[PDB]
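Undergrad: Just to be clear, this is only the beginning of the complex, oriented as in the whole thing:
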Amino acid sequence: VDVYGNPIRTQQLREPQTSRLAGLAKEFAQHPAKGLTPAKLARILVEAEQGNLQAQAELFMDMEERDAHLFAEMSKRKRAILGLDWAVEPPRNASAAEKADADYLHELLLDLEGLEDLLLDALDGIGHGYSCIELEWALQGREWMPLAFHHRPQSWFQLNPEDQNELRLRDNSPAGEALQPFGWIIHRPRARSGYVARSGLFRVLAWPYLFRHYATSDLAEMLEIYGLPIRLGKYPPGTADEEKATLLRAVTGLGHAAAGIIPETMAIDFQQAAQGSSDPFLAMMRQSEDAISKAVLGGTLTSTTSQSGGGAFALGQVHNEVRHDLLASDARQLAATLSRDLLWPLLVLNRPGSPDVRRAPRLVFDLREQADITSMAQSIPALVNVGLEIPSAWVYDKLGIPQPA
Amino acid sequence: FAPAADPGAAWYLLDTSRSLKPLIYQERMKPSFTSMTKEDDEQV
């Protein structure tokens, strides 16, 4: 069975759950970001709270695509995880059989192509609040294998009417369809405590995005109007339609044309077009960008930048507060999700027996922080000459150097 | 007498209710209303 105890039947693993839903694969995103107003955004969020996640997912995708600063921040945050070395470790004080199981799982993950793509797809749940990856199960003889990992759009799911924390497929029915066991890797990182609909970071970031969009569009319009002044022509009674058209064309082309002549009975008045500055717009854009930076990566390095300054402890100063905390949180949550969803089916299908769930191996990301070799290498000799018996295992582990074999 | 045949598994439930606000408790305890100083010792 799975970790949650639901019965597992190997018959349903031959075909993906969504195969019998050919309607989903033919859908196109509705792009709800175009022509978006604060009222529309509020309605979208409220409806999403009630189980209509399609519009929210499409809006989040558009928001990711249309904002360069937000996209850069999210990409940097995800690439931070994608570059971490990982390993599979056996449970606490594991036995020989458990160690062998962990070693086999580690070897299987090393030789499993598409792991990086799986991690990238799973990390989308950081912003979207939940990411679902469908599994393709195949048999190369007697051992089950994940053939491929398919990322399904968040717009394909909904909320259970009887449960606000349980996701279901959109199968044209009011209650949707329950997710098949062992058929998905659902990643639901928890930045804030609440239901799945409210758990996305883009829900926090939506309003600054709209503020920045409005400011940028208004600035573009004002830059378009800038330049020549608006000038209005006046004509006396008894001016025919042809003369009216001639005066109109003359006024229209007068800005580009340096000189022109009109009868003394006519008049042209040059009125202010748009006089001001870009200061308000740019102030709003900077405020929104700082808010986005703080919300995504913390207000110590991105928005209120940590500035330059090297040194042996500079790495620690830059990392440990804020950056290390965020990195560790994301890595730990991703590792927990993976150990729950991918490691367990492999252990319970590819190996004999029914090992207890509490003793399953856990995927661990390498969060080791580079320690100053020079300072500590200076420090040891004094301590050892004093008489302290420092274990070599601690040194080898903390320095990153492996133990002799 | 008083029958009704309804679906239950549909995306909509017949005769849907509306819990617009919770069962808020309204009380009249002491120096919060005039019923208890410029009146009898009444509480609602």
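TA: It's in. Numbering: from 1, shown residues only, chains lettered A, B, ... in the order given.

Undergrad: Now do stretch A:41-50: everything it contacts.
TA: The contact list for stretch A:41-50 (CB atoms under 8 Å, 6 or more residues apart in numbering or on different chains) reads A:32, A:55-56, A:59, A:159, A:195, A:197-198, A:203, A:206-207, A:210. C-beta coordinates here come from the backbone N, C-alpha and C atoms, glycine included.

Undergrad: Quick check: residue A:171 touching residue A:21?
TA: Yes: Residue A:171 lies in contact with residue A:21 (CB atoms under 8 Å); the separation is 6.1 Å.

Undergrad: need the contact list for residue A:27.
TA: By CB under 8 Å, 6+ apart, the neighbours of residue A:27 are residue A:155.

Undergrad: which residue ranges form the strands in the stretch 301-405 of chain A?
TA: Ranges of strands within the stretch 301-405 of chain A are A:362-365, based on DSSP state E, counting those that start in this stretch.

Undergrad: now the helices for it?
TA: All helices of the stretch 301-405 of chain A, identified by DSSP state H, counting those that start in this stretch, fall at A:314-318, A:325-338, A:344-350, A:373-386, A:392-399.

Undergrad: one more chain, chain C:
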Amino acid sequence: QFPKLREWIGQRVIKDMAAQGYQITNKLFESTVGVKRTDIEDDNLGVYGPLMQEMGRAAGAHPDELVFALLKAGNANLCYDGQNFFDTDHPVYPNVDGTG
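TA: This next block brings in chain C, placed alongside the chains you saw above:
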């Protein structure tokens, strides 16, 4: 297929197989609606824009409608024999066979 075993090997009688065919045209089916470009963007409540998924589900349902429309017309439509699919005069032989 091959007919019954006859009763004479003396002066055997030859026979022939009957080649049967059935022709049908796969004409298209469609349905669509018109909407305004501004209204879909000028709709913050999520309606008027589920049109894509609604049309997808309608199309997915379509094959059943096609099959059962043909089933309804079975009393009217003709099978390969040349009579109605559900008719009382199916020409299986010089005799008369019926299925209605």
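
Undergrad: Re-run the earlier check on the contacts of residue A:27 with chain C in the model.
TA: Residue A:27 touches A:155, C:52-53, C:56, counting by CB under 8 Å, 6+ apart.

Undergrad: likewise residue C:55?
TA: Residues in contact with residue C:55 (CB under 8 Å, 6+ apart) are residue C:32.

Undergrad: same thing but at 10 Å, please
TA: A:23, A:26-27, C:31-33 (CB atoms under 10 Å, 6 or more residues apart in numbering or on different chains).

Undergrad: go on, residue B:42?
TA: B:28, B:33, B:35-36.

Undergrad: Residue numbers of chain C in contact with chain A?
TA: C:37-47, C:49-61 (CB under 10 Å from any CB of the partner chain).

Undergrad: Point out the ones among those that are inside helices.
TA: When these are checked against helices (DSSP state H), the matches are C:37-41, C:51-61.

Undergrad: Write the PyMOL selection for whichever of these are buried.
TA: PyMOL command restricting those to the buried ones, with burial defined by 16 or more other CB atoms under 10 Å in any protein chain shown:
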select buried, chain C and resi 40+41+53+55+56
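
Undergrad: So which of the ones in helices among the residues of chain C next to chain A is the closest to chain B?
TA: Of all these, residue C:57 has the smallest distance to chain B: 12.5 Å, by CB to the nearest CB.

Undergrad: Include this sequence as chain D:
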Amino acid sequence: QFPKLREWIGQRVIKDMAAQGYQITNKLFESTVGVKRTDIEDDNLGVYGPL
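TA: Okay, chain D now, added to the rest:
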């Protein structure tokens, strides 16, 4: 809901869809009981207080 998928011969009819917006207001309900302040404390069996 969409119109039924019809047959195709020469051209496509650009059909339309209806709407049946339903309006219903809200009503307010209340129930209150007036009690004497002194009486709720002037009891020994723990009654007239849970009311």
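
Undergrad: again for the contacts of residue A:27, since chain D is there now?
TA: Applying CB under 10 Å, 6+ apart, we find residue A:27 in contact with A:54, A:153, A:155-156, A:170, C:52-53, C:55-56.

Undergrad: Same list, these, but as CSV with distance to residue A:92 please.
TA: CSV is the format used below for the contacts of residue A:27 (distance: CB to CB, whole Å):
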residue, distance to residue A:92
A:54, 44
A:153, 39
A:155, 41
A:156, 39
A:170, 42
C:52, 51
C:53, 49
C:55, 55
C:56, 50
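
Undergrad: quick one: which of those is nearest to chain D?
TA: Proximity of the contacts of residue A:27 to chain D (CB to the nearest CB) peaks at residue C:55, which lies at 6.1 Å.

Undergrad: Could you check how far the closest one is from residue D:46?
TA: Between residue C:55 and residue D:46 the distance is 65 Å, computed by CB to CB, to the nearest Å.

Undergrad: again with residue A:52
TA: Plainly put, residue A:52 is 49 Å away from residue D:46 if you go by CB to CB.

Undergrad: Have a look at these two and say which one is more surrounded.
TA: Taking other CB atoms under 10 Å in any protein chain shown, residue A:52 and residue D:46 do not tie; residue A:52 has more neighbours (19 against 7).
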